[PDB]
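Below: target-v6.cif (mmCIF, C-alpha atoms)
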data_coords
loop_
_atom_site.label_atom_id
_atom_site.label_comp_id
_atom_site.auth_asym_id
_atom_site.auth_seq_id
_atom_site.Cartn_x
_atom_site.Cartn_y
_atom_site.Cartn_z
CA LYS T 1 51.08 -130.88 -11.79
CA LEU T 2 47.86 -128.82 -11.93
CA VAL T 3 47.54 -125.24 -13.19
CA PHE T 4 44.49 -122.94 -13.03
CA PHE T 5 44.49 -119.63 -14.91
CA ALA T 6 41.76 -116.99 -15.20
CA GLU T 7 42.19 -113.43 -16.49
CA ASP T 8 40.00 -110.49 -17.57
CA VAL T 9 36.60 -111.53 -16.19
CA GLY T 10 33.78 -108.96 -16.15
CA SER T 11 36.32 -106.16 -16.66
CA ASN T 12 35.83 -102.88 -18.54
CA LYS T 13 38.68 -101.54 -20.70
CA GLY T 14 36.42 -99.65 -23.16
CA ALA T 15 33.88 -96.88 -22.49
CA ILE T 16 30.36 -97.25 -21.06
CA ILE T 17 28.08 -94.20 -21.20
CA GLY T 18 24.40 -94.04 -20.23
CA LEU T 19 23.70 -91.24 -22.74
CA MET T 20 25.46 -88.47 -24.68
CA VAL T 21 24.00 -85.11 -25.77
CA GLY T 22 25.75 -82.38 -27.77
CA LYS I 1 52.57 -128.92 -7.42
CA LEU I 2 49.39 -126.81 -7.54
CA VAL I 3 49.11 -123.25 -8.88
CA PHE I 4 46.10 -120.91 -8.74
CA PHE I 5 46.13 -117.63 -10.66
CA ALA I 6 43.44 -114.95 -10.96
CA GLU I 7 43.91 -111.42 -12.31
CA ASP I 8 41.77 -108.46 -13.42
CA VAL I 9 38.36 -109.43 -12.00
CA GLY I 10 35.57 -106.81 -11.98
CA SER I 11 38.15 -104.06 -12.56
CA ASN I 12 37.70 -100.80 -14.48
CA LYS I 13 40.56 -99.54 -16.67
CA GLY I 14 38.33 -97.64 -19.13
CA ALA I 15 35.81 -94.84 -18.51
CA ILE I 16 32.30 -95.13 -17.04
CA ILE I 17 30.06 -92.05 -17.21
CA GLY I 18 26.39 -91.80 -16.21
CA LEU I 19 25.72 -89.04 -18.76
CA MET I 20 27.50 -86.33 -20.77
CA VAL I 21 26.09 -82.97 -21.89
CA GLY I 22 27.90 -80.29 -23.92
CA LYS M 1 54.13 -126.93 -3.10
CA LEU M 2 50.99 -124.76 -3.20
CA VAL M 3 50.74 -121.23 -4.62
CA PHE M 4 47.77 -118.84 -4.48
CA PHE M 5 47.83 -115.59 -6.45
CA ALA M 6 45.18 -112.88 -6.77
CA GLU M 7 45.69 -109.37 -8.18
CA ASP M 8 43.58 -106.40 -9.31
CA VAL M 9 40.17 -107.29 -7.85
CA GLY M 10 37.44 -104.62 -7.84
CA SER M 11 40.06 -101.92 -8.48
CA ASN M 12 39.63 -98.69 -10.46
CA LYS M 13 42.48 -97.52 -12.70
CA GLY M 14 40.25 -95.62 -15.16
CA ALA M 15 37.80 -92.76 -14.55
CA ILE M 16 34.29 -92.98 -13.05
CA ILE M 17 32.10 -89.86 -13.24
CA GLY M 18 28.45 -89.53 -12.20
CA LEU M 19 27.79 -86.81 -14.80
CA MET M 20 29.59 -84.17 -16.88
CA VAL M 21 28.21 -80.80 -18.04
CA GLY M 22 30.07 -78.20 -20.12
CA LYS B 1 15.69 -73.56 -11.67
CA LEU B 2 18.69 -75.91 -11.84
CA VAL B 3 19.06 -79.20 -9.94
CA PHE B 4 22.08 -81.52 -9.97
CA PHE B 5 21.90 -84.85 -8.14
CA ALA B 6 24.29 -87.82 -8.07
CA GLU B 7 24.32 -90.83 -5.72
CA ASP B 8 26.13 -94.17 -5.29
CA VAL B 9 29.22 -93.56 -7.45
CA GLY B 10 32.13 -96.01 -7.12
CA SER B 11 30.61 -97.30 -3.86
CA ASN B 12 30.64 -100.88 -2.54
CA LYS B 13 27.61 -102.19 -0.63
CA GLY B 14 28.27 -105.89 -1.36
CA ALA B 15 31.38 -107.97 -0.62
CA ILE B 16 34.77 -107.86 -2.37
CA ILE B 17 37.41 -110.50 -1.56
CA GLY B 18 40.71 -111.42 -3.24
CA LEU B 19 40.55 -115.14 -2.40
CA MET B 20 39.27 -117.61 0.21
CA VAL B 21 40.13 -121.22 1.07
CA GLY B 22 38.06 -123.69 3.11
CA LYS V 1 13.57 -75.91 -15.47
CA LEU V 2 16.58 -78.24 -15.68
CA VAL V 3 17.02 -81.53 -13.79
CA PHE V 4 20.07 -83.81 -13.85
CA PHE V 5 19.93 -87.15 -12.03
CA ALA V 6 22.36 -90.09 -11.99
CA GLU V 7 22.43 -93.12 -9.66
CA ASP V 8 24.29 -96.43 -9.26
CA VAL V 9 27.36 -95.78 -11.43
CA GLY V 10 30.30 -98.19 -11.14
CA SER V 11 28.82 -99.51 -7.88
CA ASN V 12 28.89 -103.09 -6.58
CA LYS V 13 25.90 -104.46 -4.64
CA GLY V 14 26.59 -108.15 -5.40
CA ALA V 15 29.73 -110.20 -4.69
CA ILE V 16 33.11 -110.03 -6.46
CA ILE V 17 35.77 -112.65 -5.71
CA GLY V 18 39.07 -113.52 -7.40
CA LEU V 19 38.98 -117.24 -6.57
CA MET V 20 37.74 -119.74 -3.97
CA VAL V 21 38.66 -123.35 -3.11
CA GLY V 22 36.63 -125.85 -1.07
CA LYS U 1 11.45 -78.27 -19.26
CA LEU U 2 14.48 -80.58 -19.52
CA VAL U 3 14.98 -83.86 -17.63
CA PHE U 4 18.06 -86.11 -17.72
CA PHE U 5 17.97 -89.46 -15.93
CA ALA U 6 20.42 -92.37 -15.92
CA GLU U 7 20.55 -95.40 -13.59
CA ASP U 8 22.46 -98.70 -13.23
CA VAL U 9 25.50 -98.00 -15.42
CA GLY U 10 28.48 -100.38 -15.15
CA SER U 11 27.02 -101.72 -11.89
CA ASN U 12 27.15 -105.31 -10.61
CA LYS U 13 24.20 -106.74 -8.65
CA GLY U 14 24.91 -110.41 -9.45
CA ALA U 15 28.08 -112.42 -8.75
CA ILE U 16 31.44 -112.21 -10.54
CA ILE U 17 34.12 -114.83 -9.85
CA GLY U 18 37.44 -115.63 -11.55
CA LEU U 19 37.39 -119.36 -10.74
CA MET U 20 36.19 -121.88 -8.14
CA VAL U 21 37.17 -125.46 -7.29
CA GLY U 22 35.19 -128.02 -5.26
#
Would you mind writing the structure in this file as structure tokens?
Amino acid sequence: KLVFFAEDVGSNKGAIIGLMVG
Amino acid sequence: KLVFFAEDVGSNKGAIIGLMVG
Amino acid sequence: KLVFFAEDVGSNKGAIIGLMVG
Amino acid sequence: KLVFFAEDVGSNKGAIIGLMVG
Amino acid sequence: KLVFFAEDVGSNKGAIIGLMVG
Amino acid sequence: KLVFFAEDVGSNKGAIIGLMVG
């Protein structure tokens, strides 16, 4: 019996912003 | 018995913004 | 018995915006 | 003068694949 | 004068794959 | 004069893979 599991690889759940200006 | 599992690869669930200006 | 499973690959569930201006 | 430009947003130029077997 | 420019946001130019087997 | 520039945000130019087997 052989099992391979991979999850959440190179995923974005947060926030990525180049820049922010008020 | 062989099992292969992959989930959530290079997916975006968050927020990606180039720039934000008020 | 052989099983292959792949889900949620290069999918967008969040929000992608080039730019935002008030 | 006001200029707004955006390009290549949420676009795929490469290759996306769920799985492959030889 | 006002200039806004954004490029290559959330874009894939490489290769994304869930899994592969020889 | 005002200039806003952003590039290559949340973009993939390399290779992302969940798993691979020989």
Selection near stretch 7-9 of chain U, 6 Å with only C-alpha atoms, sequence-local residues under 4 positions removed, as a VMD selection string: chain V and resid 6 to 9
Selection result of the PyMOL selection byres ((chain I and resi 21) around 7) on this file, as a list in words: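 Written out, the selection comes to residues 20, 21 and 22 of chain T; 19, 20 and 22 of chain I; 20, 21 and 22 of chain M.
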Residues near residue M:1, cut-off 10 Å, all atoms listed in the file, skip fewer than 3 positions along chain, as a VMD selection string: chain I and resid 1 to 3
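Of note, atom CA of residue I:13 and atom CA of residue V:14 are spaced 19.9 Å apart.
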Atom pair atom CA of residue M:12 / atom CA of residue T:15: separation (Å):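 Going from atom CA of residue M:12 over to atom CA of residue T:15 covers 13.5 Å.
The space between atom CA of residue B:18 and atom CA of residue V:16 spans 8.4 Å.
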Can you complete the atoms of chain I to N, CA and C atoms and list them as an mmCIF file, keeping the file's coordinate frame?
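Output (part17.cif):
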data_model
loop_
_atom_site.group_PDB
_atom_site.id
_atom_site.type_symbol
_atom_site.label_atom_id
_atom_site.label_comp_id
_atom_site.auth_asym_id
_atom_site.auth_seq_id
_atom_site.Cartn_x
_atom_site.Cartn_y
_atom_site.Cartn_z
ATOM 1 N N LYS I 1 52.449 -130.396 -7.237
ATOM 2 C CA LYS I 1 52.570 -128.920 -7.420
ATOM 3 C C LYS I 1 51.246 -128.368 -7.935
ATOM 4 N N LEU I 2 50.670 -127.412 -7.192
ATOM 5 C CA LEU I 2 49.390 -126.810 -7.540
ATOM 6 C C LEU I 2 49.550 -125.298 -7.606
ATOM 7 N N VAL I 3 48.995 -124.689 -8.663
ATOM 8 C CA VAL I 3 49.110 -123.250 -8.880
ATOM 9 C C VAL I 3 47.719 -122.705 -9.211
ATOM 10 N N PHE I 4 47.347 -121.626 -8.510
ATOM 11 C CA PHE I 4 46.100 -120.910 -8.740
ATOM 12 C C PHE I 4 46.435 -119.470 -9.092
ATOM 13 N N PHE I 5 45.868 -118.985 -10.203
ATOM 14 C CA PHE I 5 46.130 -117.630 -10.660
ATOM 15 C C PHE I 5 44.818 -116.985 -11.100
ATOM 16 N N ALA I 6 44.564 -115.782 -10.568
ATOM 17 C CA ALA I 6 43.440 -114.950 -10.960
ATOM 18 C C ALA I 6 43.895 -113.500 -11.042
ATOM 19 N N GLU I 7 43.521 -112.806 -12.125
ATOM 20 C CA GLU I 7 43.910 -111.420 -12.310
ATOM 21 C C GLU I 7 42.796 -110.667 -13.044
ATOM 22 N N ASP I 8 42.649 -109.375 -12.711
ATOM 23 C CA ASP I 8 41.770 -108.460 -13.420
ATOM 24 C C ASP I 8 40.337 -109.001 -13.373
ATOM 25 N N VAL I 9 39.716 -108.939 -12.187
ATOM 26 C CA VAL I 9 38.360 -109.430 -12.000
ATOM 27 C C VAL I 9 37.496 -108.266 -11.501
ATOM 28 N N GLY I 10 36.487 -107.899 -12.303
ATOM 29 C CA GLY I 10 35.570 -106.810 -11.980
ATOM 30 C C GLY I 10 36.298 -105.480 -11.815
ATOM 31 N N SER I 11 37.346 -105.264 -12.623
ATOM 32 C CA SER I 11 38.150 -104.060 -12.560
ATOM 33 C C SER I 11 37.766 -103.115 -13.695
ATOM 34 N N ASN I 12 38.012 -101.814 -13.492
ATOM 35 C CA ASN I 12 37.700 -100.800 -14.480
ATOM 36 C C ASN I 12 38.980 -100.061 -14.869
ATOM 37 N N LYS I 13 39.406 -100.239 -16.127
ATOM 38 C CA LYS I 13 40.560 -99.540 -16.670
ATOM 39 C C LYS I 13 40.117 -98.490 -17.695
ATOM 40 N N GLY I 14 38.848 -98.552 -18.127
ATOM 41 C CA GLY I 14 38.330 -97.640 -19.130
ATOM 42 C C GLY I 14 37.704 -96.395 -18.504
ATOM 43 N N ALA I 15 36.536 -95.988 -19.022
ATOM 44 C CA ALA I 15 35.810 -94.840 -18.510
ATOM 45 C C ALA I 15 34.320 -95.153 -18.432
ATOM 46 N N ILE I 16 33.728 -94.936 -17.249
ATOM 47 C CA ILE I 16 32.300 -95.130 -17.040
ATOM 48 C C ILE I 16 31.694 -93.783 -16.667
ATOM 49 N N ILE I 17 30.718 -93.324 -17.462
ATOM 50 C CA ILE I 17 30.060 -92.050 -17.210
ATOM 51 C C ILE I 17 28.551 -92.264 -17.266
ATOM 52 N N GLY I 18 27.843 -91.740 -16.257
ATOM 53 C CA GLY I 18 26.390 -91.800 -16.210
ATOM 54 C C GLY I 18 25.762 -91.081 -17.396
ATOM 55 N N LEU I 19 26.226 -89.851 -17.659
ATOM 56 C CA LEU I 19 25.720 -89.040 -18.760
ATOM 57 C C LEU I 19 26.719 -87.931 -19.086
ATOM 58 N N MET I 20 26.652 -87.421 -20.324
ATOM 59 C CA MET I 20 27.500 -86.330 -20.770
ATOM 60 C C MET I 20 26.669 -85.328 -21.565
ATOM 61 N N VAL I 21 26.825 -84.038 -21.238
ATOM 62 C CA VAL I 21 26.090 -82.970 -21.890
ATOM 63 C C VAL I 21 27.067 -81.842 -22.218
ATOM 64 N N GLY I 22 27.052 -81.386 -23.478
ATOM 65 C CA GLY I 22 27.900 -80.290 -23.920
ATOM 66 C C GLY I 22 27.353 -78.953 -23.463
#
